[PDB]
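K.L.:
Before I ask anything, let me first share the structure, which is written out below as structure tokens.
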Amino acid sequence: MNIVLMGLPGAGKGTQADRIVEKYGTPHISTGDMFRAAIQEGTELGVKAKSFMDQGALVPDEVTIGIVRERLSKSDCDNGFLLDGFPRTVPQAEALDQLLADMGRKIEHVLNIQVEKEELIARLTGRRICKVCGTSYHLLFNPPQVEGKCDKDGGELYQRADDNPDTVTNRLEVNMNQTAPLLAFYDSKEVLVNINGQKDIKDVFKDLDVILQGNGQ
Ligand SMILES: Nc1ncnc2c1ncn2[C@@H]1O[C@H](COP(=O)(O)OP(=O)(O)OP(=O)(O)OP(=O)(O)OP(=O)(O)OC[C@H]2O[C@@H](n3cnc4c(N)ncnc43)[C@H](O)[C@@H]2O)[C@@H](O)[C@H]1O
Ligand SMILES: [Zn+2]
């Protein structure tokens, strides 16, 4: 289906994304991941993006919408898709509506994973990423089976440069600044669903599953 996983930095979007892909096998589209790739590719876009990313600020809308416009217009998204960490602003939200309006489609579910700020901060403090697949772990709450090695590919784990305290507080503030309105936009569009993310990973997924697995509740 056409899904959108939103939530503040550290809400467990990627974490829950890996589980949603397994089951339904829908294309995981993460703007955070795409920018990170452009950067690793060394593109001009990646150079300009990193500047904002390092600071913890949003990458300008026009650039962000642009890359999402291109990625979603690809064939591996006709049967469905899982946007992750997008949109984050109202312009992004509308640009996404029109984009799909042309393809004769629409967003069908906006899953908003909610967690209090303090938990969000603890989650980003001791987090680690797999050098090989991008997946994350948490030294305390969700450690890898074997220290420093990804459970999927044995890849090395590392801390995101921006997962430091200063940047984290700026990241949380900037993104929240856009939330309330973005949440209303979707709620008045009858597609939003809040979900308690302040629980075990498995349990947060079941709450997500209920909506994806259609069947009433
Ligand atoms: N649309 C857009 N517009 C403008 N700019 C944009 C943009 N999109 C991206 N950008 C730019 O790119 C930058 C980086 O983007 P991005 O990579 O998307 O950064 P982010 O916003 O900080 O979000 P995260 O992916 O890091 O968090 P997440 O919720 O997936 O967390 P995770 O699952 O690891 O979970 C966190 C930790 O918690 C643990 N965890 C997960 N679930 C649980 C649970 N249930 N209980 C306890 N711990 C848990 C995990 O193990 C992990 O260690 C942005 O700051 C911005 O500059
Ligand atoms: Zn990995």
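In the structure tokens, each chain is lettered A, B, ... as it comes, each chain's residues begin at 1, and ligands are numbered from 1 in order of appearance.
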Can you build me a table of chain A residues sitting at most 6 Å from ligand 1, with the closest atom pair per residue and its distance in Å to one decimal, using only C-alpha atoms and all ligand atoms, sorted by chain and residue number, as a Markdown table?

P.N.:
```
| residue | atom | partner | partner_atom_place_in_ligand_line | distance |
| --- | --- | --- | --- | --- |
| A:9 | CA | ligand 1 | 22 (O) | 3.9 |
| A:10 | CA | ligand 1 | 29 (O) | 3.7 |
| A:11 | CA | ligand 1 | 29 (O) | 3.9 |
| A:12 | CA | ligand 1 | 33 (O) | 3.4 |
| A:13 | CA | ligand 1 | 30 (O) | 3.7 |
| A:14 | CA | ligand 1 | 30 (O) | 3.6 |
| A:15 | CA | ligand 1 | 33 (O) | 3.7 |
| A:31 | CA | ligand 1 | 8 (N) | 4.5 |
| A:32 | CA | ligand 1 | 15 (O) | 3.6 |
| A:33 | CA | ligand 1 | 17 (O) | 5.9 |
| A:52 | CA | ligand 1 | 57 (O) | 5.5 |
| A:53 | CA | ligand 1 | 57 (O) | 3.6 |
| A:56 | CA | ligand 1 | 55 (O) | 4.9 |
| A:57 | CA | ligand 1 | 57 (O) | 4.8 |
| A:58 | CA | ligand 1 | 5 (N) | 3.6 |
| A:59 | CA | ligand 1 | 5 (N) | 3.8 |
| A:60 | CA | ligand 1 | 4 (C) | 5.9 |
| A:64 | CA | ligand 1 | 3 (N) | 5.6 |
| A:85 | CA | ligand 1 | 18 (O) | 5.2 |
| A:86 | CA | ligand 1 | 1 (N) | 4.2 |
| A:87 | CA | ligand 1 | 1 (N) | 4.8 |
| A:88 | CA | ligand 1 | 1 (N) | 4.8 |
| A:123 | CA | ligand 1 | 38 (O) | 4.3 |
| A:124 | CA | ligand 1 | 37 (C) | 5.4 |
| A:127 | CA | ligand 1 | 53 (O) | 3.7 |
| A:128 | CA | ligand 1 | 53 (O) | 5.9 |
| A:136 | CA | ligand 1 | 34 (O) | 5.0 |
| A:137 | CA | ligand 1 | 51 (O) | 3.7 |
| A:138 | CA | ligand 1 | 53 (O) | 3.8 |
| A:141 | CA | ligand 1 | 48 (N) | 5.2 |
| A:142 | CA | ligand 1 | 51 (O) | 4.8 |
| A:171 | CA | ligand 1 | 55 (O) | 5.8 |
| A:197 | CA | ligand 1 | 45 (N) | 5.6 |
| A:198 | CA | ligand 1 | 45 (N) | 6.0 |
| A:199 | CA | ligand 1 | 45 (N) | 5.1 |
| A:200 | CA | ligand 1 | 45 (N) | 4.6 |
| A:201 | CA | ligand 1 | 45 (N) | 3.7 |
```

K.L.:
With N, CA, C and O atoms kept, could you save the residues just selected as a short mmCIF file (atom, residue, chain, number, x, y, z; two decimals), in the first residue's frame?

P.N.:
```
data_model
loop_
_atom_site.label_atom_id
_atom_site.label_comp_id
_atom_site.auth_asym_id
_atom_site.auth_seq_id
_atom_site.Cartn_x
_atom_site.Cartn_y
_atom_site.Cartn_z
N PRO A 9 12.65 12.51 15.52
CA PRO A 9 13.92 11.81 15.43
C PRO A 9 14.07 10.85 16.61
O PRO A 9 14.06 11.28 17.76
N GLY A 10 14.21 9.56 16.30
CA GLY A 10 14.37 8.55 17.33
C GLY A 10 13.10 7.83 17.75
O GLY A 10 13.11 7.06 18.71
N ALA A 11 12.00 8.07 17.04
CA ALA A 11 10.74 7.45 17.39
C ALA A 11 10.72 5.95 17.07
O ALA A 11 9.83 5.23 17.51
N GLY A 12 11.72 5.49 16.32
CA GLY A 12 11.80 4.09 15.97
C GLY A 12 11.22 3.81 14.59
O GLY A 12 10.71 2.72 14.33
N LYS A 13 11.29 4.81 13.71
CA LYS A 13 10.77 4.69 12.35
C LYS A 13 11.51 3.62 11.53
O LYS A 13 10.89 2.72 10.95
N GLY A 14 12.83 3.73 11.46
CA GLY A 14 13.59 2.75 10.69
C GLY A 14 13.39 1.38 11.31
O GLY A 14 13.08 0.42 10.62
N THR A 15 13.57 1.31 12.62
CA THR A 15 13.41 0.06 13.35
C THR A 15 12.14 -0.65 12.94
O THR A 15 12.16 -1.84 12.61
N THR A 31 14.17 9.60 3.10
CA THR A 31 14.89 10.77 2.63
C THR A 31 16.21 10.84 3.38
O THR A 31 17.23 11.21 2.80
N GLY A 32 16.19 10.46 4.65
CA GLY A 32 17.40 10.47 5.44
C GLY A 32 18.45 9.58 4.79
O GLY A 32 19.63 9.92 4.77
N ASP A 33 18.01 8.44 4.26
CA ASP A 33 18.92 7.50 3.62
C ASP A 33 19.40 8.00 2.25
O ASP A 33 20.57 7.84 1.89
N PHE A 52 23.21 21.26 6.10
CA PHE A 52 22.06 21.35 6.99
C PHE A 52 22.00 20.14 7.94
O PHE A 52 21.73 20.29 9.13
N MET A 53 22.27 18.96 7.40
CA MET A 53 22.24 17.73 8.18
C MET A 53 23.20 17.76 9.37
O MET A 53 22.81 17.43 10.48
N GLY A 56 21.70 19.67 12.07
CA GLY A 56 20.49 19.14 12.66
C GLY A 56 19.27 19.87 12.12
O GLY A 56 18.16 19.74 12.65
N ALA A 57 19.47 20.66 11.07
CA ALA A 57 18.38 21.39 10.46
C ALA A 57 17.83 20.63 9.28
O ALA A 57 18.51 19.76 8.71
N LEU A 58 16.61 20.95 8.89
CA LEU A 58 15.98 20.31 7.75
C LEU A 58 16.69 20.74 6.49
O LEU A 58 17.21 21.86 6.41
N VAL A 59 16.73 19.85 5.50
CA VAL A 59 17.32 20.18 4.21
C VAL A 59 16.18 20.95 3.52
O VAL A 59 15.02 20.56 3.62
N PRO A 60 16.51 22.05 2.83
CA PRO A 60 15.50 22.86 2.14
C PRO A 60 14.46 22.05 1.38
O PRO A 60 14.79 21.05 0.73
N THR A 64 14.51 18.62 -1.20
CA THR A 64 13.92 17.41 -0.65
C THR A 64 12.73 16.89 -1.45
O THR A 64 12.63 15.69 -1.68
N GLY A 85 10.21 9.24 7.25
CA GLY A 85 10.79 10.52 7.58
C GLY A 85 10.45 11.57 6.55
O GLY A 85 11.20 12.53 6.37
N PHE A 86 9.31 11.39 5.87
CA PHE A 86 8.86 12.33 4.85
C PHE A 86 7.35 12.18 4.64
O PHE A 86 6.85 11.08 4.49
N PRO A 87 6.62 13.31 4.56
CA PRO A 87 7.10 14.68 4.66
C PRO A 87 7.33 15.14 6.09
O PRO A 87 6.88 14.50 7.04
N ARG A 88 8.02 16.27 6.23
CA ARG A 88 8.30 16.87 7.53
C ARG A 88 7.76 18.29 7.58
O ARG A 88 7.78 18.93 8.62
N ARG A 123 17.19 7.41 23.44
CA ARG A 123 17.28 6.53 22.29
C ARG A 123 18.36 6.91 21.27
O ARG A 123 18.98 6.05 20.66
N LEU A 124 18.58 8.21 21.08
CA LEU A 124 19.58 8.69 20.14
C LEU A 124 20.98 8.80 20.74
O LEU A 124 21.97 8.86 20.01
N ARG A 127 22.72 5.10 20.45
CA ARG A 127 22.42 4.38 19.22
C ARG A 127 23.66 4.06 18.37
O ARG A 127 24.68 4.73 18.47
N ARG A 128 23.55 3.02 17.54
CA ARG A 128 24.62 2.60 16.64
C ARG A 128 24.01 2.10 15.32
O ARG A 128 22.92 1.53 15.29
N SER A 136 19.88 0.14 12.54
CA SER A 136 20.35 0.61 13.84
C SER A 136 20.11 -0.33 15.01
O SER A 136 19.21 -1.16 14.98
N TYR A 137 20.89 -0.13 16.06
CA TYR A 137 20.80 -0.88 17.31
C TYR A 137 20.99 0.12 18.45
O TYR A 137 21.38 1.27 18.23
N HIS A 138 20.70 -0.31 19.67
CA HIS A 138 20.89 0.55 20.82
C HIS A 138 21.65 -0.27 21.83
O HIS A 138 21.21 -1.35 22.21
N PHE A 141 18.93 -0.61 25.00
CA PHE A 141 17.59 -1.11 24.72
C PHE A 141 17.43 -2.15 23.61
O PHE A 141 16.57 -3.03 23.70
N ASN A 142 18.22 -2.05 22.55
CA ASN A 142 18.10 -3.00 21.46
C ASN A 142 19.48 -3.31 20.94
O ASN A 142 19.82 -2.95 19.81
N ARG A 171 17.93 18.91 16.51
CA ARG A 171 17.14 18.08 15.61
C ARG A 171 15.70 17.92 16.11
O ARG A 171 14.75 18.09 15.34
N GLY A 197 4.69 4.56 20.77
CA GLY A 197 5.99 4.00 20.46
C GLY A 197 6.79 3.77 21.72
O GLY A 197 7.88 3.22 21.67
N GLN A 198 6.24 4.19 22.85
CA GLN A 198 6.94 4.03 24.12
C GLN A 198 6.77 2.62 24.70
O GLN A 198 6.52 2.46 25.90
N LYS A 199 6.91 1.61 23.85
CA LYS A 199 6.77 0.22 24.25
C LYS A 199 7.81 -0.65 23.54
O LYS A 199 8.62 -0.15 22.76
N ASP A 200 7.78 -1.95 23.81
CA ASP A 200 8.69 -2.89 23.19
C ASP A 200 8.52 -2.82 21.67
O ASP A 200 7.40 -2.67 21.17
N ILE A 201 9.64 -2.92 20.96
CA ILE A 201 9.65 -2.88 19.50
C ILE A 201 8.56 -3.77 18.90
O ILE A 201 7.77 -3.33 18.05
#
```

K.L.:
Hey, what's within 12 Å of residue A:21 if we count only C-alpha atoms and toss same-chain stuff fewer than 4 positions away? As a list in words, please?

P.N.:
residues 1, 3, 14, 15, 16, 17, 25, 26, 27, 28, 29, 80, 81, 82, 83, 84, 205, 209 and 212 of chain A

K.L.:
My list of candidates is A:172, A:163, A:24, A:130. Which is closest to ligand 2 when distances are computed with only C-alpha atoms and all ligand atoms?

P.N.:
A:130

K.L.:
Got a sec to check which residues lie within 6 Å of ligand 2, using only C-alpha atoms and all ligand atoms, and send them as a VMD selection string?

P.N.:
chain A and resid 130 132 to 133 135 150 152 to 153 155

K.L.:
Save out the residues we just selected, N, CA, C and O atoms, as a PDB file, in the first residue's frame.

P.N.:
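File produced: selection_18.pdb:
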```
ATOM      1  N   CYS A 130      24.614   0.067  11.403  1.00  0.00           N
ATOM      2  CA  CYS A 130      25.401  -0.941  10.706  1.00  0.00           C
ATOM      3  C   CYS A 130      26.058  -0.278   9.483  1.00  0.00           C
ATOM      4  O   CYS A 130      25.380   0.338   8.667  1.00  0.00           O
ATOM      5  N   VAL A 132      27.207  -1.684   6.946  1.00  0.00           N
ATOM      6  CA  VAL A 132      26.813  -2.409   5.744  1.00  0.00           C
ATOM      7  C   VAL A 132      25.367  -2.266   5.264  1.00  0.00           C
ATOM      8  O   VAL A 132      25.117  -2.194   4.059  1.00  0.00           O
ATOM      9  N   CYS A 133      24.412  -2.238   6.190  1.00  0.00           N
ATOM     10  CA  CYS A 133      23.015  -2.157   5.782  1.00  0.00           C
ATOM     11  C   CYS A 133      22.197  -0.956   6.269  1.00  0.00           C
ATOM     12  O   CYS A 133      21.018  -0.847   5.938  1.00  0.00           O
ATOM     13  N   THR A 135      20.913  -0.380   9.113  1.00  0.00           N
ATOM     14  CA  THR A 135      20.077  -0.695  10.268  1.00  0.00           C
ATOM     15  C   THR A 135      20.713  -0.248  11.588  1.00  0.00           C
ATOM     16  O   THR A 135      21.938  -0.268  11.742  1.00  0.00           O
ATOM     17  N   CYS A 150      26.469  -6.388  13.232  1.00  0.00           N
ATOM     18  CA  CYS A 150      25.066  -6.455  12.803  1.00  0.00           C
ATOM     19  C   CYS A 150      24.571  -7.905  12.729  1.00  0.00           C
ATOM     20  O   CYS A 150      25.276  -8.779  12.207  1.00  0.00           O
ATOM     21  N   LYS A 152      22.335  -9.084  10.875  1.00  0.00           N
ATOM     22  CA  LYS A 152      21.947  -9.470   9.518  1.00  0.00           C
ATOM     23  C   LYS A 152      23.122  -9.767   8.593  1.00  0.00           C
ATOM     24  O   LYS A 152      23.031 -10.626   7.720  1.00  0.00           O
ATOM     25  N   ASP A 153      24.230  -9.067   8.791  1.00  0.00           N
ATOM     26  CA  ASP A 153      25.369  -9.237   7.903  1.00  0.00           C
ATOM     27  C   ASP A 153      26.740  -9.171   8.561  1.00  0.00           C
ATOM     28  O   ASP A 153      27.749  -9.176   7.865  1.00  0.00           O
ATOM     29  N   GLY A 155      28.187  -6.750   9.744  1.00  0.00           N
ATOM     30  CA  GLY A 155      28.853  -5.480   9.505  1.00  0.00           C
ATOM     31  C   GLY A 155      29.191  -4.717  10.778  1.00  0.00           C
ATOM     32  O   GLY A 155      28.561  -4.914  11.818  1.00  0.00           O
TER      33      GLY A 155
END
```

K.L.:
Interatomic distance between atom CA of residue A:195 and atom CA of residue A:114?

P.N.:
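According to the coordinates, atom CA of residue A:195 and atom CA of residue A:114 are separated by 5.9 Å.
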
K.L.:
For the strand (DSSP E or B) assignment from backbone DSSP, which residues of stretch 47-178 of chain A qualify? Please present them as an MDAnalysis selection string.

P.N.:
chainID A and resid 81:84 109:114 127:130 136:138 142 146 149 156:158

K.L.:
Store the residues of this selection in a file with N, CA and C atoms, as an mmCIF file, in the first residue's frame.

P.N.:
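Contents of again-v1.cif, as written:
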```cif
data_model
loop_
_atom_site.group_PDB
_atom_site.id
_atom_site.type_symbol
_atom_site.label_atom_id
_atom_site.label_comp_id
_atom_site.auth_asym_id
_atom_site.auth_seq_id
_atom_site.Cartn_x
_atom_site.Cartn_y
_atom_site.Cartn_z
ATOM 1 N N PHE A 81 4.384 1.706 -1.373
ATOM 2 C CA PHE A 81 5.615 2.274 -0.853
ATOM 3 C C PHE A 81 5.499 2.736 0.589
ATOM 4 N N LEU A 82 6.648 2.734 1.259
ATOM 5 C CA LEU A 82 6.765 3.136 2.650
ATOM 6 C C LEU A 82 7.685 4.345 2.775
ATOM 7 N N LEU A 83 7.109 5.546 2.781
ATOM 8 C CA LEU A 83 7.914 6.751 2.957
ATOM 9 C C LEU A 83 8.314 6.773 4.431
ATOM 10 N N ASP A 84 9.567 7.107 4.703
ATOM 11 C CA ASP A 84 10.049 7.146 6.069
ATOM 12 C C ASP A 84 10.754 8.461 6.326
ATOM 13 N N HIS A 109 -2.344 5.711 4.483
ATOM 14 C CA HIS A 109 -2.125 5.609 5.916
ATOM 15 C C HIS A 109 -0.905 6.391 6.370
ATOM 16 N N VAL A 110 -1.100 7.205 7.401
ATOM 17 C CA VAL A 110 -0.023 7.989 7.979
ATOM 18 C C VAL A 110 0.110 7.480 9.406
ATOM 19 N N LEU A 111 1.152 6.697 9.651
ATOM 20 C CA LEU A 111 1.386 6.134 10.973
ATOM 21 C C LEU A 111 2.356 7.007 11.754
ATOM 22 N N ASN A 112 1.815 7.732 12.726
ATOM 23 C CA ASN A 112 2.602 8.636 13.552
ATOM 24 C C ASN A 112 3.030 7.957 14.849
ATOM 25 N N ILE A 113 4.310 7.622 14.937
ATOM 26 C CA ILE A 113 4.843 6.953 16.118
ATOM 27 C C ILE A 113 5.223 8.003 17.139
ATOM 28 N N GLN A 114 4.548 7.984 18.285
ATOM 29 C CA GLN A 114 4.771 8.967 19.347
ATOM 30 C C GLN A 114 5.565 8.506 20.574
ATOM 31 N N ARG A 127 22.717 5.105 20.449
ATOM 32 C CA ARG A 127 22.418 4.379 19.219
ATOM 33 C C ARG A 127 23.659 4.059 18.371
ATOM 34 N N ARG A 128 23.549 3.020 17.543
ATOM 35 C CA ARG A 128 24.618 2.600 16.643
ATOM 36 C C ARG A 128 24.008 2.101 15.315
ATOM 37 N N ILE A 129 24.718 2.330 14.221
ATOM 38 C CA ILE A 129 24.255 1.960 12.888
ATOM 39 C C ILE A 129 25.175 0.916 12.262
ATOM 40 N N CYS A 130 24.614 0.067 11.403
ATOM 41 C CA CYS A 130 25.401 -0.941 10.706
ATOM 42 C C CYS A 130 26.058 -0.278 9.483
ATOM 43 N N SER A 136 19.876 0.144 12.545
ATOM 44 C CA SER A 136 20.354 0.607 13.843
ATOM 45 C C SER A 136 20.106 -0.333 15.013
ATOM 46 N N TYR A 137 20.893 -0.127 16.062
ATOM 47 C CA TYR A 137 20.797 -0.875 17.305
ATOM 48 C C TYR A 137 20.992 0.121 18.449
ATOM 49 N N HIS A 138 20.701 -0.312 19.666
ATOM 50 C CA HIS A 138 20.894 0.552 20.817
ATOM 51 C C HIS A 138 21.652 -0.273 21.835
ATOM 52 N N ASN A 142 18.219 -2.052 22.555
ATOM 53 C CA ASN A 142 18.098 -3.004 21.461
ATOM 54 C C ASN A 142 19.481 -3.308 20.938
ATOM 55 N N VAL A 146 25.582 -9.932 18.967
ATOM 56 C CA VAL A 146 27.014 -9.944 19.245
ATOM 57 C C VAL A 146 27.581 -8.529 19.164
ATOM 58 N N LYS A 149 28.571 -6.054 16.017
ATOM 59 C CA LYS A 149 28.346 -6.731 14.742
ATOM 60 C C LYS A 149 26.865 -6.876 14.408
ATOM 61 N N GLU A 156 30.192 -3.846 10.699
ATOM 62 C CA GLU A 156 30.609 -3.061 11.854
ATOM 63 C C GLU A 156 29.560 -2.018 12.193
ATOM 64 N N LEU A 157 29.453 -1.698 13.480
ATOM 65 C CA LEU A 157 28.498 -0.703 13.966
ATOM 66 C C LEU A 157 29.227 0.591 14.315
ATOM 67 N N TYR A 158 28.554 1.721 14.132
ATOM 68 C CA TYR A 158 29.168 3.007 14.417
ATOM 69 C C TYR A 158 28.132 4.043 14.826
#
```

K.L.:
What does the structure give for the distance between atom CA of residue A:4 and atom CA of residue A:131, in Å to one decimal?

P.N.:
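One can read the atom CA of residue A:4 to atom CA of residue A:131 distance as 25.3 Å.
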